[PDB]
$ cat work18.cif   # mmCIF, N, CA and C atoms
data_query
loop_
_atom_site.group_PDB
_atom_site.id
_atom_site.type_symbol
_atom_site.label_atom_id
_atom_site.label_comp_id
_atom_site.auth_asym_id
_atom_site.auth_seq_id
_atom_site.Cartn_x
_atom_site.Cartn_y
_atom_site.Cartn_z
ATOM 1 N N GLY R 1 -7.188 34.683 36.992
ATOM 2 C CA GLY R 1 -7.659 33.342 36.572
ATOM 3 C C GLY R 1 -9.111 33.114 36.935
ATOM 4 N N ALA R 2 -9.675 32.013 36.456
ATOM 5 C CA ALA R 2 -11.076 31.697 36.705
ATOM 6 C C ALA R 2 -11.272 31.133 38.108
ATOM 7 N N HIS R 3 -10.186 30.656 38.705
ATOM 8 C CA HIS R 3 -10.233 30.082 40.047
ATOM 9 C C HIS R 3 -10.692 31.126 41.064
ATOM 10 N N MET R 4 -10.256 32.366 40.886
ATOM 11 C CA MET R 4 -10.673 33.449 41.771
ATOM 12 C C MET R 4 -11.543 34.451 41.020
ATOM 13 N N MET R 5 -12.298 33.952 40.052
ATOM 14 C CA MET R 5 -13.206 34.786 39.278
ATOM 15 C C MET R 5 -14.358 33.940 38.740
ATOM 16 N N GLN R 6 -15.378 33.749 39.570
ATOM 17 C CA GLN R 6 -16.517 32.908 39.206
ATOM 18 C C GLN R 6 -17.291 33.507 38.037
ATOM 19 N N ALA R 7 -17.308 34.833 37.950
ATOM 20 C CA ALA R 7 -17.986 35.523 36.857
ATOM 21 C C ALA R 7 -17.511 34.997 35.507
ATOM 22 N N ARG R 8 -16.197 34.868 35.371
ATOM 23 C CA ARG R 8 -15.600 34.346 34.153
ATOM 24 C C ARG R 8 -15.760 32.831 34.084
ATOM 25 N N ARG R 9 -15.586 32.162 35.225
ATOM 26 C CA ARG R 9 -15.587 30.702 35.286
ATOM 27 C C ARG R 9 -16.947 30.144 34.887
ATOM 28 N N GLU R 10 -18.003 30.814 35.320
ATOM 29 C CA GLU R 10 -19.351 30.309 35.119
ATOM 30 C C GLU R 10 -19.694 30.318 33.633
ATOM 31 N N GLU R 11 -19.230 31.343 32.923
ATOM 32 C CA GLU R 11 -19.398 31.419 31.481
ATOM 33 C C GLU R 11 -18.536 30.367 30.793
ATOM 34 N N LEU R 12 -17.367 30.110 31.363
ATOM 35 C CA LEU R 12 -16.453 29.114 30.821
ATOM 36 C C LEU R 12 -17.063 27.713 30.873
ATOM 37 N N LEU R 13 -17.886 27.455 31.878
ATOM 38 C CA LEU R 13 -18.638 26.207 31.940
ATOM 39 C C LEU R 13 -19.736 26.176 30.880
ATOM 40 N N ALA R 14 -20.352 27.324 30.644
ATOM 41 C CA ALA R 14 -21.313 27.465 29.560
ATOM 42 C C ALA R 14 -20.640 27.203 28.216
ATOM 43 N N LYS R 15 -19.498 27.847 28.019
ATOM 44 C CA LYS R 15 -18.715 27.704 26.798
ATOM 45 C C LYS R 15 -18.069 26.326 26.724
ATOM 46 N N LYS R 16 -17.980 25.661 27.874
ATOM 47 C CA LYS R 16 -17.437 24.311 27.957
ATOM 48 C C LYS R 16 -18.172 23.371 26.998
ATOM 49 N N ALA R 17 -19.457 23.638 26.778
ATOM 50 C CA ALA R 17 -20.250 22.869 25.830
ATOM 51 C C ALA R 17 -19.727 23.059 24.409
ATOM 52 N N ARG R 18 -19.396 24.303 24.076
ATOM 53 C CA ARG R 18 -18.774 24.622 22.794
ATOM 54 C C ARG R 18 -17.408 23.955 22.680
ATOM 55 N N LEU R 19 -16.696 23.899 23.799
ATOM 56 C CA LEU R 19 -15.382 23.274 23.838
ATOM 57 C C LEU R 19 -15.491 21.770 23.617
ATOM 58 N N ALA R 20 -16.543 21.171 24.163
ATOM 59 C CA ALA R 20 -16.832 19.766 23.931
ATOM 60 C C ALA R 20 -17.110 19.519 22.451
ATOM 61 N N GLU R 21 -17.772 20.485 21.819
ATOM 62 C CA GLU R 21 -17.993 20.454 20.378
ATOM 63 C C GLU R 21 -16.653 20.419 19.637
ATOM 64 N N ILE R 22 -15.726 21.283 20.044
ATOM 65 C CA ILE R 22 -14.381 21.283 19.483
ATOM 66 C C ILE R 22 -13.695 19.934 19.709
ATOM 67 N N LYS R 23 -13.842 19.390 20.911
ATOM 68 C CA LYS R 23 -13.287 18.076 21.229
ATOM 69 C C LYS R 23 -13.897 17.004 20.328
ATOM 70 N N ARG R 24 -15.188 17.155 20.036
ATOM 71 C CA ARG R 24 -15.917 16.192 19.216
ATOM 72 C C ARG R 24 -15.298 16.081 17.830
ATOM 73 N N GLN R 25 -14.690 17.170 17.377
ATOM 74 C CA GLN R 25 -14.046 17.202 16.072
ATOM 75 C C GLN R 25 -12.925 16.173 16.025
ATOM 76 N N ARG R 26 -12.220 16.048 17.140
ATOM 77 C CA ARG R 26 -11.150 15.069 17.276
ATOM 78 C C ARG R 26 -11.674 13.644 17.072
ATOM 79 N N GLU R 27 -12.808 13.326 17.693
ATOM 80 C CA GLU R 27 -13.420 12.009 17.529
ATOM 81 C C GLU R 27 -14.005 11.870 16.132
ATOM 82 N N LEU R 28 -14.466 12.982 15.586
ATOM 83 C CA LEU R 28 -15.037 13.004 14.256
ATOM 84 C C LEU R 28 -13.962 12.682 13.230
ATOM 85 N N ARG R 29 -12.828 13.364 13.354
ATOM 86 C CA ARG R 29 -11.707 13.180 12.443
ATOM 87 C C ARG R 29 -11.159 11.758 12.522
ATOM 88 N N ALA R 30 -11.444 11.080 13.622
ATOM 89 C CA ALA R 30 -11.015 9.704 13.790
ATOM 90 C C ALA R 30 -11.714 8.810 12.771
ATOM 91 N N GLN R 31 -13.040 8.825 12.784
ATOM 92 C CA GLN R 31 -13.823 8.063 11.811
ATOM 93 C C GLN R 31 -13.693 8.654 10.403
ATOM 94 N N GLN R 32 -13.362 9.933 10.338
ATOM 95 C CA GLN R 32 -13.233 10.614 9.059
ATOM 96 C C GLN R 32 -11.902 10.291 8.380
ATOM 97 N N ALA R 33 -10.797 10.646 9.021
ATOM 98 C CA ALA R 33 -9.483 10.440 8.435
ATOM 99 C C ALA R 33 -9.007 9.007 8.611
ATOM 100 N N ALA R 34 -9.027 8.535 9.852
ATOM 101 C CA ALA R 34 -8.514 7.209 10.170
ATOM 102 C C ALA R 34 -9.531 6.141 9.812
ATOM 103 N N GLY R 35 -10.764 6.573 9.617
ATOM 104 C CA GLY R 35 -11.808 5.669 9.190
ATOM 105 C C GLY R 35 -11.777 5.456 7.695
ATOM 106 N N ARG R 36 -11.137 6.380 6.993
ATOM 107 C CA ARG R 36 -11.007 6.291 5.550
ATOM 108 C C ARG R 36 -9.542 6.179 5.146
ATOM 109 N N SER R 37 -8.869 5.188 5.699
ATOM 110 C CA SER R 37 -7.500 4.886 5.311
ATOM 111 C C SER R 37 -7.432 3.445 4.825
ATOM 112 N N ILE R 38 -8.421 3.085 4.022
ATOM 113 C CA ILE R 38 -8.580 1.719 3.556
ATOM 114 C C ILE R 38 -7.854 1.536 2.232
ATOM 115 N N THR R 39 -6.563 1.307 2.321
ATOM 116 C CA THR R 39 -5.740 1.088 1.152
ATOM 117 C C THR R 39 -4.941 -0.199 1.321
ATOM 118 N N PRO R 40 -5.485 -1.329 0.834
ATOM 119 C CA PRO R 40 -4.836 -2.641 0.942
ATOM 120 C C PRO R 40 -3.568 -2.739 0.097
ATOM 121 N N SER R 41 -2.518 -2.089 0.563
ATOM 122 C CA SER R 41 -1.229 -2.128 -0.101
ATOM 123 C C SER R 41 -0.531 -3.457 0.177
ATOM 124 N N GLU R 42 -0.834 -4.455 -0.640
ATOM 125 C CA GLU R 42 -0.307 -5.788 -0.428
ATOM 126 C C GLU R 42 0.229 -6.371 -1.730
ATOM 127 N N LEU R 43 1.367 -5.862 -2.158
ATOM 128 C CA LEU R 43 2.052 -6.390 -3.321
ATOM 129 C C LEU R 43 3.477 -6.763 -2.938
ATOM 130 N N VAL R 44 3.602 -7.873 -2.238
ATOM 131 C CA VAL R 44 4.884 -8.332 -1.740
ATOM 132 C C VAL R 44 5.269 -9.629 -2.436
ATOM 133 N N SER R 45 6.100 -9.521 -3.457
ATOM 134 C CA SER R 45 6.497 -10.682 -4.238
ATOM 135 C C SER R 45 8.021 -10.804 -4.343
ATOM 136 N N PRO R 46 8.692 -11.183 -3.245
ATOM 137 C CA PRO R 46 10.130 -11.403 -3.229
ATOM 138 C C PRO R 46 10.465 -12.841 -3.613
ATOM 139 N N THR R 47 9.890 -13.293 -4.716
ATOM 140 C CA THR R 47 10.024 -14.677 -5.137
ATOM 141 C C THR R 47 10.942 -14.797 -6.355
ATOM 142 N N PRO R 48 12.218 -15.178 -6.145
ATOM 143 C CA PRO R 48 13.167 -15.381 -7.244
ATOM 144 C C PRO R 48 12.787 -16.578 -8.111
ATOM 145 N N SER R 49 12.065 -17.528 -7.528
ATOM 146 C CA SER R 49 11.594 -18.682 -8.271
ATOM 147 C C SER R 49 10.192 -18.404 -8.797
ATOM 148 N N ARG R 50 10.120 -17.545 -9.800
ATOM 149 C CA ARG R 50 8.855 -17.154 -10.392
ATOM 150 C C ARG R 50 9.086 -16.722 -11.832
ATOM 151 N N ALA R 51 8.237 -17.188 -12.741
ATOM 152 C CA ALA R 51 8.340 -16.817 -14.143
ATOM 153 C C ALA R 51 7.964 -15.355 -14.338
ATOM 154 N N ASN R 52 8.942 -14.483 -14.170
ATOM 155 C CA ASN R 52 8.726 -13.052 -14.313
ATOM 156 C C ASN R 52 9.881 -12.446 -15.095
ATOM 157 N N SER R 53 9.897 -12.698 -16.396
ATOM 158 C CA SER R 53 10.981 -12.249 -17.250
ATOM 159 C C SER R 53 10.517 -12.179 -18.700
ATOM 160 N N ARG R 54 11.111 -11.274 -19.457
ATOM 161 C CA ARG R 54 10.844 -11.163 -20.881
ATOM 162 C C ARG R 54 12.173 -11.208 -21.625
ATOM 163 N N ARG R 55 12.913 -12.292 -21.435
ATOM 164 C CA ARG R 55 14.255 -12.401 -21.983
ATOM 165 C C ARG R 55 14.732 -13.850 -21.960
ATOM 166 N N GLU R 56 14.961 -14.407 -23.143
ATOM 167 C CA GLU R 56 15.490 -15.764 -23.278
ATOM 168 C C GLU R 56 16.962 -15.809 -22.872
ATOM 169 N N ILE R 57 17.202 -15.870 -21.575
ATOM 170 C CA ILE R 57 18.550 -15.834 -21.035
ATOM 171 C C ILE R 57 19.216 -17.207 -21.105
ATOM 172 N N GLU R 58 18.454 -18.244 -20.781
ATOM 173 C CA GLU R 58 18.992 -19.602 -20.716
ATOM 174 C C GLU R 58 19.384 -20.102 -22.104
ATOM 175 N N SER R 59 18.713 -19.597 -23.125
ATOM 176 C CA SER R 59 18.991 -20.021 -24.483
ATOM 177 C C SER R 59 19.983 -19.078 -25.156
ATOM 178 N N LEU R 60 19.678 -17.778 -25.098
ATOM 179 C CA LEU R 60 20.533 -16.711 -25.633
ATOM 180 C C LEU R 60 20.616 -16.767 -27.163
ATOM 181 N N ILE R 61 21.134 -17.865 -27.695
ATOM 182 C CA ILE R 61 21.362 -17.997 -29.129
ATOM 183 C C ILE R 61 20.042 -18.083 -29.878
ATOM 184 N N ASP R 62 19.059 -18.712 -29.253
ATOM 185 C CA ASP R 62 17.737 -18.842 -29.852
ATOM 186 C C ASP R 62 17.077 -17.476 -29.974
ATOM 187 N N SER R 63 17.484 -16.567 -29.102
ATOM 188 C CA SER R 63 16.969 -15.206 -29.114
ATOM 189 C C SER R 63 17.637 -14.411 -30.234
ATOM 190 N N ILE R 64 18.783 -14.897 -30.694
ATOM 191 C CA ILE R 64 19.500 -14.272 -31.790
ATOM 192 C C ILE R 64 19.082 -14.899 -33.119
ATOM 193 N N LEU R 65 18.738 -16.178 -33.058
ATOM 194 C CA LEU R 65 18.384 -16.952 -34.244
ATOM 195 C C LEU R 65 17.128 -16.400 -34.915
ATOM 196 N N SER R 66 16.208 -15.887 -34.115
ATOM 197 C CA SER R 66 14.978 -15.320 -34.648
ATOM 198 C C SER R 66 14.777 -13.907 -34.114
ATOM 199 N N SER R 67 15.813 -13.394 -33.447
ATOM 200 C CA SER R 67 15.800 -12.048 -32.865
ATOM 201 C C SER R 67 14.650 -11.866 -31.866
ATOM 202 N N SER R 68 14.029 -12.981 -31.460
ATOM 203 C CA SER R 68 12.824 -12.953 -30.630
ATOM 204 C C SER R 68 11.772 -12.028 -31.238
ATOM 205 N N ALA R 69 11.752 -11.974 -32.562
ATOM 206 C CA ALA R 69 10.834 -11.115 -33.283
ATOM 207 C C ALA R 69 9.795 -11.954 -34.008
ATOM 208 N N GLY R 70 8.556 -11.869 -33.559
ATOM 209 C CA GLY R 70 7.505 -12.663 -34.150
ATOM 210 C C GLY R 70 6.929 -13.653 -33.164
ATOM 211 N N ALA R 71 5.872 -13.253 -32.469
ATOM 212 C CA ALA R 71 5.265 -14.102 -31.452
ATOM 213 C C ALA R 71 4.295 -15.107 -32.067
ATOM 214 N N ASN R 72 4.307 -15.207 -33.392
ATOM 215 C CA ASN R 72 3.449 -16.162 -34.092
ATOM 216 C C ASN R 72 4.258 -17.391 -34.468
ATOM 217 N N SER R 73 5.277 -17.184 -35.286
ATOM 218 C CA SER R 73 6.151 -18.265 -35.706
ATOM 219 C C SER R 73 7.567 -17.747 -35.953
ATOM 220 N N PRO R 74 8.434 -17.814 -34.926
ATOM 221 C CA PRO R 74 9.849 -17.449 -35.056
ATOM 222 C C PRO R 74 10.524 -18.187 -36.210
ATOM 223 N N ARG R 75 11.575 -17.590 -36.748
ATOM 224 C CA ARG R 75 12.286 -18.169 -37.878
ATOM 225 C C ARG R 75 13.126 -19.348 -37.397
ATOM 226 N N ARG R 76 12.548 -20.538 -37.480
ATOM 227 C CA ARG R 76 13.192 -21.749 -36.993
ATOM 228 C C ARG R 76 13.351 -22.751 -38.129
ATOM 229 N N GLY R 77 14.440 -22.627 -38.864
ATOM 230 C CA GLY R 77 14.715 -23.550 -39.940
ATOM 231 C C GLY R 77 15.372 -22.873 -41.121
ATOM 232 N N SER R 78 16.152 -23.631 -41.873
ATOM 233 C CA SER R 78 16.803 -23.114 -43.065
ATOM 234 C C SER R 78 16.707 -24.126 -44.201
ATOM 235 N N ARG R 79 15.481 -24.441 -44.597
ATOM 236 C CA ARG R 79 15.250 -25.437 -45.634
ATOM 237 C C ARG R 79 14.233 -24.925 -46.648
ATOM 238 N N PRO R 80 14.651 -24.743 -47.910
ATOM 239 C CA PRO R 80 13.743 -24.364 -48.997
ATOM 240 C C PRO R 80 12.719 -25.461 -49.287
ATOM 241 N N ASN R 81 11.595 -25.389 -48.596
ATOM 242 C CA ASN R 81 10.527 -26.367 -48.750
ATOM 243 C C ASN R 81 9.338 -25.730 -49.457
ATOM 244 N N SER R 82 8.649 -26.518 -50.281
ATOM 245 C CA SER R 82 7.482 -26.044 -51.026
ATOM 246 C C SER R 82 7.835 -24.818 -51.870
ATOM 247 N N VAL R 83 9.026 -24.842 -52.452
ATOM 248 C CA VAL R 83 9.524 -23.713 -53.219
ATOM 249 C C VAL R 83 10.557 -24.186 -54.246
ATOM 250 N N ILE R 84 10.538 -25.476 -54.519
ATOM 251 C CA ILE R 84 11.452 -26.071 -55.477
ATOM 252 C C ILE R 84 10.673 -26.540 -56.699
ATOM 253 N N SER R 85 11.033 -26.006 -57.867
ATOM 254 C CA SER R 85 10.331 -26.314 -59.118
ATOM 255 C C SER R 85 8.887 -25.809 -59.062
ATOM 256 N N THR R 86 8.666 -24.763 -58.271
ATOM 257 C CA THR R 86 7.344 -24.201 -58.084
ATOM 258 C C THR R 86 7.469 -22.874 -57.343
ATOM 259 N N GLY R 87 6.525 -21.974 -57.573
ATOM 260 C CA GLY R 87 6.531 -20.695 -56.890
ATOM 261 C C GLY R 87 7.498 -19.705 -57.507
ATOM 262 N N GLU R 88 8.788 -19.999 -57.407
ATOM 263 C CA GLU R 88 9.831 -19.064 -57.826
ATOM 264 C C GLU R 88 10.127 -19.182 -59.320
ATOM 265 N N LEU R 89 9.081 -19.384 -60.102
ATOM 266 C CA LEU R 89 9.199 -19.428 -61.553
ATOM 267 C C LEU R 89 8.274 -18.392 -62.175
ATOM 268 N N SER R 90 6.979 -18.579 -61.972
ATOM 269 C CA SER R 90 5.978 -17.660 -62.488
ATOM 270 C C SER R 90 4.801 -17.559 -61.525
ATOM 271 N N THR R 91 5.105 -17.605 -60.228
ATOM 272 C CA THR R 91 4.073 -17.632 -59.190
ATOM 273 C C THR R 91 3.131 -18.815 -59.434
ATOM 274 N N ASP R 92 3.732 -19.983 -59.598
ATOM 275 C CA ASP R 92 2.996 -21.189 -59.940
ATOM 276 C C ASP R 92 3.328 -22.308 -58.963
#
$ encode --input "work18.cif" --output "structure tokens"
Amino acid sequence: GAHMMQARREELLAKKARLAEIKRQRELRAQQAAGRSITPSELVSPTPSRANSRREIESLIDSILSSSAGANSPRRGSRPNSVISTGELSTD
């Protein structure tokens, strides 16, 4: 061992500087790895009382009445309007 071998020990103190360099890597990796763990993972929405749905559940029948097809004007009505004695004759 170096305890009973100063010849080796004295160089080990010299190399101790290199060892401190190795130790420095540990502190380096701290600011490197742990310093670059900036990921704000904050998407916690356990809110049942929130408008987060794409399905007319409360109505149901209204979703069948127009098949929920057409986000402009759903088929709401069954009355031949503006098509009596006009249009369906000669495109007039």
$ select_by_dssp --input "work18.cif" --residues "chain R" --states "helix (DSSP H, G or I)" --output "PyMOL selection string"
chain R and resi 6-34+61-65
$ atom_distance --input "work18.cif" --atom1 "CA of residue 71 in chain R" --atom2 "atom C of residue 53 in chain R"
13.9 Å
$ atom_distance --input "work18.cif" --atom1 "CA of residue 76 in chain R" --atom2 "CA of residue 61 in chain R"
11.9 Å
$ atom_distance --input "work18.cif" --atom1 "CA of residue 30 in chain R" --atom2 "CA of residue 18 in chain R"
19.1 Å
$ build_atoms --input "work18.cif" --residues "range 36-62 of chain R" --atoms "N, CA, C and O atoms" --output "PDB file, in the coordinates of the input"
ATOM      1  N   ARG R  36     -11.137   6.380   6.993  1.00  0.00           N
ATOM      2  CA  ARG R  36     -11.007   6.291   5.550  1.00  0.00           C
ATOM      3  C   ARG R  36      -9.542   6.179   5.146  1.00  0.00           C
ATOM      4  O   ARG R  36      -9.032   6.981   4.366  1.00  0.00           O
ATOM      5  N   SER R  37      -8.869   5.188   5.699  1.00  0.00           N
ATOM      6  CA  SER R  37      -7.500   4.886   5.311  1.00  0.00           C
ATOM      7  C   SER R  37      -7.432   3.445   4.825  1.00  0.00           C
ATOM      8  O   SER R  37      -6.513   2.693   5.152  1.00  0.00           O
ATOM      9  N   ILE R  38      -8.421   3.085   4.022  1.00  0.00           N
ATOM     10  CA  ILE R  38      -8.580   1.719   3.556  1.00  0.00           C
ATOM     11  C   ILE R  38      -7.854   1.536   2.232  1.00  0.00           C
ATOM     12  O   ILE R  38      -8.447   1.633   1.156  1.00  0.00           O
ATOM     13  N   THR R  39      -6.563   1.307   2.321  1.00  0.00           N
ATOM     14  CA  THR R  39      -5.740   1.088   1.152  1.00  0.00           C
ATOM     15  C   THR R  39      -4.941  -0.199   1.321  1.00  0.00           C
ATOM     16  O   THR R  39      -3.863  -0.193   1.918  1.00  0.00           O
ATOM     17  N   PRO R  40      -5.485  -1.329   0.834  1.00  0.00           N
ATOM     18  CA  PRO R  40      -4.836  -2.641   0.942  1.00  0.00           C
ATOM     19  C   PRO R  40      -3.568  -2.739   0.097  1.00  0.00           C
ATOM     20  O   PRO R  40      -3.547  -3.390  -0.949  1.00  0.00           O
ATOM     21  N   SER R  41      -2.518  -2.089   0.563  1.00  0.00           N
ATOM     22  CA  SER R  41      -1.229  -2.128  -0.101  1.00  0.00           C
ATOM     23  C   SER R  41      -0.531  -3.457   0.177  1.00  0.00           C
ATOM     24  O   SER R  41       0.252  -3.584   1.122  1.00  0.00           O
ATOM     25  N   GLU R  42      -0.834  -4.455  -0.640  1.00  0.00           N
ATOM     26  CA  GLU R  42      -0.307  -5.788  -0.428  1.00  0.00           C
ATOM     27  C   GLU R  42       0.229  -6.371  -1.730  1.00  0.00           C
ATOM     28  O   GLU R  42      -0.387  -7.246  -2.342  1.00  0.00           O
ATOM     29  N   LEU R  43       1.367  -5.862  -2.158  1.00  0.00           N
ATOM     30  CA  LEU R  43       2.052  -6.390  -3.321  1.00  0.00           C
ATOM     31  C   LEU R  43       3.477  -6.763  -2.938  1.00  0.00           C
ATOM     32  O   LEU R  43       4.433  -6.052  -3.248  1.00  0.00           O
ATOM     33  N   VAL R  44       3.602  -7.873  -2.238  1.00  0.00           N
ATOM     34  CA  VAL R  44       4.884  -8.332  -1.740  1.00  0.00           C
ATOM     35  C   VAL R  44       5.269  -9.629  -2.436  1.00  0.00           C
ATOM     36  O   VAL R  44       4.803 -10.706  -2.067  1.00  0.00           O
ATOM     37  N   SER R  45       6.100  -9.521  -3.457  1.00  0.00           N
ATOM     38  CA  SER R  45       6.497 -10.682  -4.238  1.00  0.00           C
ATOM     39  C   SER R  45       8.021 -10.804  -4.343  1.00  0.00           C
ATOM     40  O   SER R  45       8.602 -10.570  -5.402  1.00  0.00           O
ATOM     41  N   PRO R  46       8.692 -11.183  -3.245  1.00  0.00           N
ATOM     42  CA  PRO R  46      10.130 -11.403  -3.229  1.00  0.00           C
ATOM     43  C   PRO R  46      10.465 -12.841  -3.613  1.00  0.00           C
ATOM     44  O   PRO R  46      11.214 -13.527  -2.919  1.00  0.00           O
ATOM     45  N   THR R  47       9.890 -13.293  -4.716  1.00  0.00           N
ATOM     46  CA  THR R  47      10.024 -14.677  -5.137  1.00  0.00           C
ATOM     47  C   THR R  47      10.942 -14.797  -6.355  1.00  0.00           C
ATOM     48  O   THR R  47      10.522 -14.538  -7.485  1.00  0.00           O
ATOM     49  N   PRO R  48      12.218 -15.178  -6.145  1.00  0.00           N
ATOM     50  CA  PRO R  48      13.167 -15.381  -7.244  1.00  0.00           C
ATOM     51  C   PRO R  48      12.787 -16.578  -8.111  1.00  0.00           C
ATOM     52  O   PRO R  48      13.130 -16.635  -9.290  1.00  0.00           O
ATOM     53  N   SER R  49      12.065 -17.528  -7.528  1.00  0.00           N
ATOM     54  CA  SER R  49      11.594 -18.682  -8.271  1.00  0.00           C
ATOM     55  C   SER R  49      10.192 -18.404  -8.797  1.00  0.00           C
ATOM     56  O   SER R  49       9.201 -18.938  -8.294  1.00  0.00           O
ATOM     57  N   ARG R  50      10.120 -17.545  -9.800  1.00  0.00           N
ATOM     58  CA  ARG R  50       8.855 -17.154 -10.392  1.00  0.00           C
ATOM     59  C   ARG R  50       9.086 -16.722 -11.832  1.00  0.00           C
ATOM     60  O   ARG R  50      10.034 -15.985 -12.107  1.00  0.00           O
ATOM     61  N   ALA R  51       8.237 -17.188 -12.741  1.00  0.00           N
ATOM     62  CA  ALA R  51       8.340 -16.817 -14.143  1.00  0.00           C
ATOM     63  C   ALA R  51       7.964 -15.355 -14.338  1.00  0.00           C
ATOM     64  O   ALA R  51       6.809 -15.024 -14.614  1.00  0.00           O
ATOM     65  N   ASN R  52       8.942 -14.483 -14.170  1.00  0.00           N
ATOM     66  CA  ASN R  52       8.726 -13.052 -14.313  1.00  0.00           C
ATOM     67  C   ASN R  52       9.881 -12.446 -15.095  1.00  0.00           C
ATOM     68  O   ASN R  52      10.757 -11.790 -14.528  1.00  0.00           O
ATOM     69  N   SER R  53       9.897 -12.698 -16.396  1.00  0.00           N
ATOM     70  CA  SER R  53      10.981 -12.249 -17.250  1.00  0.00           C
ATOM     71  C   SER R  53      10.517 -12.179 -18.700  1.00  0.00           C
ATOM     72  O   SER R  53       9.629 -12.923 -19.115  1.00  0.00           O
ATOM     73  N   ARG R  54      11.111 -11.274 -19.457  1.00  0.00           N
ATOM     74  CA  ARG R  54      10.844 -11.163 -20.881  1.00  0.00           C
ATOM     75  C   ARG R  54      12.173 -11.208 -21.625  1.00  0.00           C
ATOM     76  O   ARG R  54      12.527 -10.273 -22.349  1.00  0.00           O
ATOM     77  N   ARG R  55      12.913 -12.292 -21.435  1.00  0.00           N
ATOM     78  CA  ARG R  55      14.255 -12.401 -21.983  1.00  0.00           C
ATOM     79  C   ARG R  55      14.732 -13.850 -21.960  1.00  0.00           C
ATOM     80  O   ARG R  55      14.864 -14.448 -20.892  1.00  0.00           O
ATOM     81  N   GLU R  56      14.961 -14.407 -23.143  1.00  0.00           N
ATOM     82  CA  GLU R  56      15.490 -15.764 -23.278  1.00  0.00           C
ATOM     83  C   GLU R  56      16.962 -15.809 -22.872  1.00  0.00           C
ATOM     84  O   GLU R  56      17.856 -15.790 -23.720  1.00  0.00           O
ATOM     85  N   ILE R  57      17.202 -15.870 -21.575  1.00  0.00           N
ATOM     86  CA  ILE R  57      18.550 -15.834 -21.035  1.00  0.00           C
ATOM     87  C   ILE R  57      19.216 -17.207 -21.105  1.00  0.00           C
ATOM     88  O   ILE R  57      20.390 -17.321 -21.461  1.00  0.00           O
ATOM     89  N   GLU R  58      18.454 -18.244 -20.781  1.00  0.00           N
ATOM     90  CA  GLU R  58      18.992 -19.602 -20.716  1.00  0.00           C
ATOM     91  C   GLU R  58      19.384 -20.102 -22.104  1.00  0.00           C
ATOM     92  O   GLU R  58      20.292 -20.923 -22.250  1.00  0.00           O
ATOM     93  N   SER R  59      18.713 -19.597 -23.125  1.00  0.00           N
ATOM     94  CA  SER R  59      18.991 -20.021 -24.483  1.00  0.00           C
ATOM     95  C   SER R  59      19.983 -19.078 -25.156  1.00  0.00           C
ATOM     96  O   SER R  59      20.998 -19.522 -25.691  1.00  0.00           O
ATOM     97  N   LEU R  60      19.678 -17.778 -25.098  1.00  0.00           N
ATOM     98  CA  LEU R  60      20.533 -16.711 -25.633  1.00  0.00           C
ATOM     99  C   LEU R  60      20.616 -16.767 -27.163  1.00  0.00           C
ATOM    100  O   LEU R  60      20.182 -15.842 -27.846  1.00  0.00           O
ATOM    101  N   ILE R  61      21.134 -17.865 -27.695  1.00  0.00           N
ATOM    102  CA  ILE R  61      21.362 -17.997 -29.129  1.00  0.00           C
ATOM    103  C   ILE R  61      20.042 -18.083 -29.878  1.00  0.00           C
ATOM    104  O   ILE R  61      19.904 -17.559 -30.983  1.00  0.00           O
ATOM    105  N   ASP R  62      19.059 -18.712 -29.253  1.00  0.00           N
ATOM    106  CA  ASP R  62      17.737 -18.842 -29.852  1.00  0.00           C
ATOM    107  C   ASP R  62      17.077 -17.476 -29.974  1.00  0.00           C
ATOM    108  O   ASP R  62      16.252 -17.242 -30.856  1.00  0.00           O
TER     109      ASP R  62
END
